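# Understanding the architecture of this molecule
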Amino acid sequence: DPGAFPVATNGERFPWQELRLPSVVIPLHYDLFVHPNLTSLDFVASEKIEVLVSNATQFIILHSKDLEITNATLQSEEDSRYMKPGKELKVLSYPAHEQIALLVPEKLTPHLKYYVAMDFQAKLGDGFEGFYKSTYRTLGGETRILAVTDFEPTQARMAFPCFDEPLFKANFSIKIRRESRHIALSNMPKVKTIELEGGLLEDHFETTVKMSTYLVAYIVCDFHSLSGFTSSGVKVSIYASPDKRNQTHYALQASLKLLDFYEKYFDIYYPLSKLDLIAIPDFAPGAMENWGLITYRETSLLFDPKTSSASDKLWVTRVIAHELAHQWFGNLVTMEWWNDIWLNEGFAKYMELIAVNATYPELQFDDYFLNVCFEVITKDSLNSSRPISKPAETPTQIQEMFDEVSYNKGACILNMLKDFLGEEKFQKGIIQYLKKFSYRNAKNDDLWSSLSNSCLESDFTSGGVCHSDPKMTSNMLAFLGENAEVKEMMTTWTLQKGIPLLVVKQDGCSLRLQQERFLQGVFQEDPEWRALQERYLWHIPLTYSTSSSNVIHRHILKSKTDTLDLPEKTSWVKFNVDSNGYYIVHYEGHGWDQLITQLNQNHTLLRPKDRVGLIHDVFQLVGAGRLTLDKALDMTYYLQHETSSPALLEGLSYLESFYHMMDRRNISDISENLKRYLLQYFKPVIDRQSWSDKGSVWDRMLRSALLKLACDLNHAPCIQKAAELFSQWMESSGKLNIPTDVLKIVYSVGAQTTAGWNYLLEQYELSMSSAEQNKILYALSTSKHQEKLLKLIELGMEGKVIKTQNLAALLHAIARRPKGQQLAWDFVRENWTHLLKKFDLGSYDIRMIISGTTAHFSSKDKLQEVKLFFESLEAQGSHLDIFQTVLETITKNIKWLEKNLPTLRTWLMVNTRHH
Ligand SMILES: *[C@@H]1O[C@H](CO)[C@@H](O[C@@H]2O[C@H](CO)[C@@H](O[C@@H]3O[C@H](CO)[C@@H](O)[C@H](O[C@H]4O[C@H](CO)[C@@H](O)[C@H](O)[C@@H]4O)[C@@H]3O)[C@H](O)[C@H]2NC(C)=O)[C@H](O)[C@H]1NC(C)=O
Ligand SMILES: O=C(C[C@H](Cc1ccc(O)cc1)n1nncc1CNS(=O)(=O)c1ccc(-c2ccccc2)s1)NO
Ligand SMILES: *[C@@H]1O[C@H](CO)[C@@H](O[C@@H]2O[C@H](CO)[C@@H](O)[C@H](O)[C@H]2NC(C)=O)[C@H](O)[C@H]1NC(C)=O
Ligand SMILES: *[C@@H]1O[C@H](CO)[C@@H](O[C@@H]2O[C@H](CO)[C@@H](O)[C@H](O)[C@H]2NC(C)=O)[C@H](O)[C@H]1NC(C)=O
Ligand SMILES: *[C@@H]1O[C@H](CO)[C@@H](O)[C@H](O)[C@H]1NC(C)=O
Ligand SMILES: *[C@@H]1O[C@H](CO)[C@@H](O)[C@H](O)[C@H]1NC(C)=O
Ligand SMILES: *[C@@H]1O[C@H](CO)[C@@H](O)[C@H](O)[C@H]1NC(C)=O
Ligand SMILES: *[C@@H]1O[C@H](CO)[C@@H](O)[C@H](O)[C@H]1NC(C)=O
Ligand SMILES: *[C@@H]1O[C@H](CO)[C@@H](O)[C@H](O)[C@H]1NC(C)=O
Ligand SMILES: *[C@@H]1O[C@H](CO)[C@@H](O)[C@H](O)[C@H]1NC(C)=O
Ligand SMILES: [Br-]
Ligand SMILES: [Br-]
Ligand SMILES: [Br-]
Ligand SMILES: [Br-]
Ligand SMILES: [Br-]
Ligand SMILES: [Br-]
Ligand SMILES: [Br-]
Ligand SMILES: [Br-]
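Residues numbered from 1 in each chain as written, not as in the entry; some residues may be left out. Chains lettered and ligands numbered in written order. Heavy atoms only, no water. Residues with missing side-chain atoms left out of burial classes, pairs and counts.

As documented in the archive entry, the model was determined using X-ray crystallography at 3.1000 Å resolution.

What surrounds ligand 4 is the set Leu353, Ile354, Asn357, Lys418 and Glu423. In the model, an oxygen atom of ligand 4 is placed 2.3 Å from a nitrogen or oxygen of the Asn357 side chain. The side chain of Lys418 places a nitrogen or oxygen atom 3.4 Å from an oxygen atom of ligand 4. Burial of ligand 4 by the surrounding chains reaches 30%, relative to a free accessible area of 590 Å². Sort the elements by how many residues they give to the shell around ligand 4 and helix α3 (residues 342–359) lands first, with 3 residues. A class-by-class count of the residues in the shell around ligand 4 yields 2 nonpolar, 1 polar and 2 charged. (Near = heavy atom within 4 Å. Polar contact = N/O pair within 3.5 Å; in protein donor to acceptor, adjacent residues only side chain to side chain. Areas by Shrake-Rupley, 256 points an atom, 1.4 Å probe, with all protein chains shown as cover. Helix = DSSP H or I, 4+ residues; strand = E, 2+ residues; numbered from the N terminus. Nonpolar A, V, L, I, M, F, W, Y, C, P; charged D, E, K, R; others polar.)

Before going further, it helps to examine the sheet that holds strand β30 (residues 584–587). The sheet built from 4 strands is open, its strands ordered β28-β25-β24-β30 with mixed pairing. The open sheet terminates on both sides in strands that have one partner only, identified here as β28 (561–565) and β30. Here the average twist between neighbouring strands, direction ignored, is 25 degrees. Judged from the 9 bridges that link them, strand β24 (residues 499–507) and strand β25 (residues 510–518) form a sheet pairing that is antiparallel. Each residue of the ladder has a partner; that of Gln506, found in β25, is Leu511. The sheet contacts of helix α11 (residues 608–622) involve β24, β25 and β30, and relative to β30 the element is tilted by about 75 degrees. (Pairing = 2+ DSSP bridges. Axes fitted to C-alpha atoms, helices over the stretch in contact; angles between N-to-C directions. Contact = heavy atoms within 4.5 Å.)

Taken as a whole and assessed by the stated rule, the structure comprises 44 salt bridges. With its nearest N and O atoms 3.5 Å apart, the salt bridge here joins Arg905 to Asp669. Of this pair, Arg905 sits in helix α27 (residues 882–914) while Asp669 sits in helix α14 (residues 668–681); the two residues are 236 residues apart in sequence, bridging distant segments of the chain. On the accessibility criterion, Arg905 (37% relative accessible area) is partly exposed. For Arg829, the salt bridge goes to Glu865, with nearest N and O atoms at 3.7 Å. Residue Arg829 is located in helix α23 (residues 821–830), and its partner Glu865 is located in helix α26 (residues 860–875); the two are separated by 36 residues in the primary sequence. Under the relative-accessibility criterion, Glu865 is labelled partly exposed at 24%. (Salt bridge = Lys/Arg side-chain N within 4 Å of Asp/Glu carboxyl O. Buried < 20%, exposed > 50% of the residue type's maximum accessible area, 1.4 Å probe, protein only.)

Moving on, we get to the state of the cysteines. One pass over the full model with this rule turns up 2 disulfides. Sulfur-sulfur distance for the disulfide between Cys373 and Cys412 comes to 2.0 Å. Measuring the twist about the S-S bond at about -100 degrees, one finds the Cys373-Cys412 disulfide to be left-handed. Remark: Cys412 occurs in helix α6 (residues 404–421) and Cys373 occurs in helix α4 (residues 370–380); sequence separation between them is 39 residues. (Disulfide = S-S within 2.5 Å.)

Right, let's get into the packing of aromatic side chains. Centre distance and the angle of the planes are the two values used to describe a pair of aromatic rings. Going through the model one piece at a time under the given rule, you end up with 59 aromatic pairs. Relative to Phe402, the ring of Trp338 lies with its centre 6.4 Å away and its plane at 50 degrees, an arrangement referred to as tilted. On the criterion of sequence distance, the pair formed by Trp338 in the loop between β22 (333–335) and α3 and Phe402 in the loop between α5 (395–400) and α6 is long-range, its members being 64 residues apart. Each of the two residues, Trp338 as well as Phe402, counts as buried. With a centroid separation of 5.4 Å and 85 degrees between ring planes, the pair formed by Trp825 and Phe869 is classed as edge-to-face. In this pair, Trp825 is assigned in helix α23 and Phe869 in helix α26, connecting sequence segments 44 residues apart. Here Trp825 matches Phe869 in class, with each residue buried. When the ring centre of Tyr82 is taken as reference, the NZ or CZ atom of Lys87 above it lies at 5.6 Å. Residue placement shows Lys257 over the ring face of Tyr360; its charged tip is 4.1 Å from the ring centre. (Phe/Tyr/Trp six-rings, centres within 6.5 Å; stacked < 30°, edge-to-face > 60°. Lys NZ or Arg CZ within 6 Å of the ring centre and 35° of its normal.)

This part is about the packing of α23 against helix α25 (residues 844–854). Contact pair α23 / α25: the axes reach a minimum separation of 8 Å and the direction vectors enclose 140 degrees. By the criterion of interaxial angle, the relationship of α23 to α25 is oblique. Crossing of α23 against α25: the hand is left-handed. On α25, the residues that touch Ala824, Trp825 and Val828 of α23 are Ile849, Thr853 and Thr854. Taken together, the residues of the contact of α23 with α25 break down into 4 nonpolar, 2 polar and no charged. (Parallel < 35°, antiparallel > 145°, perpendicular 65-115°, else oblique. Left-handed = near helix turned anticlockwise from the far one by under 90°.)

Structural data, given as C-alpha cells:
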C-alpha cells in the first residue's frame, strides 16, 4: 500500500483505517478465562477465539480498548503451518479506533478455521463501563466490593479483545476464578467448579448459544438468591446483597409470571436453562438485558412493601418485563447494526404494555401507556427530531441512539400498527419474525416484511392462504396487495423524522382532510414553516367515530389532501379513536367548539382514551399557534366531573406545568391565580383523598398527585397533616410507618426545616431500601436554602454519601425547583471539566445533566447563555445532538410565553370574576 496512514502506538503503520471492522475474518467461538482479584482490583485473563477466514489476509483486525495484550499466538487445525504450538503474532494498538491489529507471518488460507489466542490484563475499571468495580453497604455498615460487567453497546472490548460489532455473533465459553468467599455468575449455568492448588476455585460455565459480544456478562460477588421454576422449567433466581434478600420476593413472582407469558405469547421457549436477575447498587443503566444474567439497579427490581410506592411496584414490573422481552427482542434476534437499535428497545418497550396488561391487569398499565407517546411527541414535534433509524458510527453517535425516539416512537408506531392489524394477526407476525431470525440479525426492512406478511392462523386448511399448496382467490389478491400496503406504509414511519398533523374541516356531510408536519415554536404563517413541510408525507391509518355512532370507520390516507363522504350528518366527528394513532387531529371550523360542548355536557359520549387524547391535542395545538390558549383552558372546566383518573390527571398536568413555569420567573400574579384556581376548582376531589395506602393503582396515584399538588401550593390543612406525620416519624426514630403514597410528601415537608432536613440526610445513609433512599433525596432537593442544595450536589461529586449514579438524577431535581435552578445551571458550567471525567459524553447521565438544567429556561437571556455554553462545548471535542434539542425547546418556551401568557392572565382573572 502507499504507507499513507495511520500510525499505531509503537510507531508502525496500522493496516486498517475503517471504524467498522473488516468482515473477512469471522468469529465462531470465544474461549474466555477471567481471573479478577478484588483486593488488587484488577484482573488477568486469556482468550482463544476460533475464527473462520474467507478472503485471504495477512492481518486480523478486532477491537480492544484499555487492555494490556501480552501474548498473541495463532494455532490452526486445518492450516498446518500453524499447527500447535502455533506461531506468534506481532500486535499493534490503534487506540483512536479502539482497534488492534494482529500480524501474521504468512497469508491466511481462505476457508480454514484458525484459533487466535491472546493473554491480557487490566485494572478493574471504576466507572460503570466494561468489567468494573462496584460496592454496596451491608446492614452492619460493611462496605463490600463486587466486580460486574456492563457492555452495551461497544464496551465489551474494554474487558476482552474481541470482534465487538453485534453482527459478529458467536458462542462463548466463560471460565472464572475466585476466592472461596465469592460466587461467580455468567450468562450460562455452571457446569463444574474445580478446587485449585491454593484453595482458589475456578468456575466453568456451560457454553453460550450464538450471541453478540455486548451481552456477555460475568459477576463476582457474594449475593444471596431466591429461586423458583417456570412452567417451562427455567430456574429464575433473584440475586441481591444478602441483607436485602427479603426484598426480592415480588421480582421473583412477577418474573416467573412474566417469563411464562412471553414464552407462550412468542411460541418460542426461552432457550437457556436458568435465568438470573441481579440487583446491583452502582448501576448507571437502569437494567442490562444480558442473556441469563440481567442486571438491574436495586430501585428497578427490589420492592420493600413498607417503603415502596404502588407506582414503585408498577415500575419494577415494567422494567422486569422490559428486560424479559429482550431475551427474544434483542438476544434471540439482534439488530444488524446500531442504526436499527429500535428493533431491540422499541419492541421491548411495546412489549411491556402487552405483557404487564396480560399478567397484572390489576396494575391498569394500559391506561398509562399513552404517556409513553405523549412524551416523545413533544420532541418529535421539533425539527431537532431524528428518524427512528438513523446512521450512527462513533461510539457516541451510538449511545446517542438510545433516546426516546428509539424507545418511545418505536413503541407507539408498533401499537399503532397492531391496532391496524388486530392483535392475533400482529402476534402471528411477531412469531414468524423471532423464529425466522433466531440466532441471527435483522435490519429494519427485515421486520416490516415479516409483520406485513402476517398470517391469521397459518390456516393450512384445504387451501390455507399460508403454507402448503394454497388456493388462488379474490381474498389472496387482497391479502398480498393489502400486505405490501402495510410494509410500504410503516417504511415512511421509520424513515421520516417528525409527526403528522391531520387538519379536518367539516363541510356538511363532506369531510376534508389535510396532512402536514406538526411543529412547535413555529406557526404556519412563519417564513420558516413552508420550508419544513416540503417532502414530509405519511401513510396515516386514520380512524374515527362520530356523534351519531360508535362504529369504527377506518381509512388509509396516502396523500396531502383527501375528502371522505359521511351519512347521517352528525353533531361532531372524533378522529383517531382512543388516541392509538401516532398523530394529532385539529378540527377546523366549529370542530373544537363542538367537542368541548360534549365534554362540558354529558361527556361520557366520548370514550376515556378519547378525552385523554383530546385533552392532549387541544393544548399542543395551542403550542402550534393553531388554538388560542383559552380553548384548551376551557376544556379543563369539564375535569370537575372527569371521573377517569387518567384524563383528570393529564388535564391537571398542564394546569400544574403552567404554575411551575410561572413560578420560575417572579410572575407571582399569574402564579397565585393559578394556585387559587387549582385549589378551588378541584377542591372536592382533593379533599376526599385519604392519607393511606388504600385503593386501586389509579386511585392511589390520584391520591399522591393531589396531595402533592396541595402541599406544593401550601394548602395549610394538607401541609399540617404532613408536618404531623413527619414529627411522629422523627420522634419514633424512624419506626412509625407512613403510608407509602404519602411518603415523599411527608419527607419534603419535613425537609423544609433544617432539623427535618438533617434527619433525612442522616436517614438516607442508614436505609435498607433504595426506594426509600430515593424519596428522601427528592425531599432533600426540596430545600429552599442554597447551601443545602449545594451540599447535595457536593455530596454527589464525592460519590460516597450520595452515589454518582444518582447525581444526574439529583441535579435534575434541584434545577426543577426555582430556588435551585440557577445553582444547578451555574454548577454544570463551572465543573463541566469534572463532569466529563466522571461520565461519558454520550452517557444518559450527561444528556440528562444538560437538559436537566437548561430545557426549562423560558427567557431570551438564558437562551443566550445556553447557546454560548454549547458553543464552547462544540469548540472542544464535545458534540451532542441534545444541544440543538435544548435550544429548540427553550425557543419553543419563549415563543409559547410570548403568544400565550396574556391569554393565561385574562383567562384566570376571568374565572375569578365569575366565581
Ligand atoms: C487475591 O489476592 C490476594 C492477596 O493479594 C490473595 O490472597 C493471598 O493468597 C495467598 C496464597 O495465594 C496467601 O498466602 C498463603 O497463606 C496460606 C495460609 O493457609 C499459607 O499456607 C501459604 O504458605 C505457602 O505459600 C506461600 C506463597 O503462597 C509460600 O511463600 C510459603 O512458603 C508456603 O509455600 C501462604 O502464606 C495469602 O495469605 C492471601 N492473602 C490474603 C490477604 O488473603 C488471593 O488468593 C487472591 N484471590 C484471587 C481470586 O486471585
Ligand atoms: O432499556 C434499557 C436501558 C434503559 C436505560 C438507558 C440508558 C442509557 C440511555 O442513553 C438510554 C436509556 N432502561 N433502564 N431501565 C429501563 C429502561 C428503558 N425504559 S426507559 O423509559 O426508556 C428509561 C431510560 C432510563 C431510565 C431510568 C432507570 C432507573 C432510574 C431512573 C431512570 S428508564 N436496557 O434494556
Ligand atoms: C453455539 O450455539 C448454537 C446455538 O445458536 C448451538 O447450536 C445448536 O447445537 C445443537 C447441538 O449440536 C443442535 O442440536 C441445535 O439444533 C443447534 N441449534 C441452533 C439454533 O443452531 C451450537 O452447538 C453452539 N456451538 C458450540 C461450539 O458450542
Ligand atoms: C389488555 O388485556 C385485556 C384483557 O385483560 C385485553 O382485552 C381483551 O381484548 C380482546 C380483543 O380485543 C377482547 O376480545 C376481550 O374481550 C378483551 N377482554 C376484556 C376487555 O376484558 C386488551 O386487548 C389488552 N390490551 C392491549 C393493549 O393489549
Ligand atoms: C472477497 O472480497 C471481494 C471484494 O470485491 C468480493 O467480491 C468477494 O466475493 C470476496 N470473497 C471471495 C473472493 O471469496
Ligand atoms: C506467553 O505465555 C506462556 C505461558 O502461557 C509463557 O511461557 C510465555 O513466556 C509468554 N510470553 C512470551 C513472550 O513467550
Ligand atoms: C423483611 O422485610 C420487612 C418488611 O419490608 C422488614 O420489616 C424486615 O425488617 C425484613 N427482615 C428483617 C430480618 O429485617
Ligand atoms: C431543520 O433541519 C434540517 C436538517 O438538514 C436543516 O437543513 C434545516 O435548516 C433545519 N431548519 C431549521 C429552521 O432549523
Ligand atoms: C348521558 O346519556 C346517557 C345515555 O342515555 C344517560 O344514561 C346518562 O344519564 C346521560 N348523562 C347526563 C349527565 O345527561
Ligand atoms: C422574586 O422576588 C423576591 C422578593 O423577596 C426576591 O427575593 C427573589 O430573588 C425574586 N426572584 C427572582 C427569580 O427574581
Ligand atoms: Br411454548
Ligand atoms: Br444502556
Ligand atoms: Br438510568
Ligand atoms: Br439502585
Ligand atoms: Br411507572
Ligand atoms: Br387534607
Ligand atoms: Br428562564
Ligand atoms: Br427575556
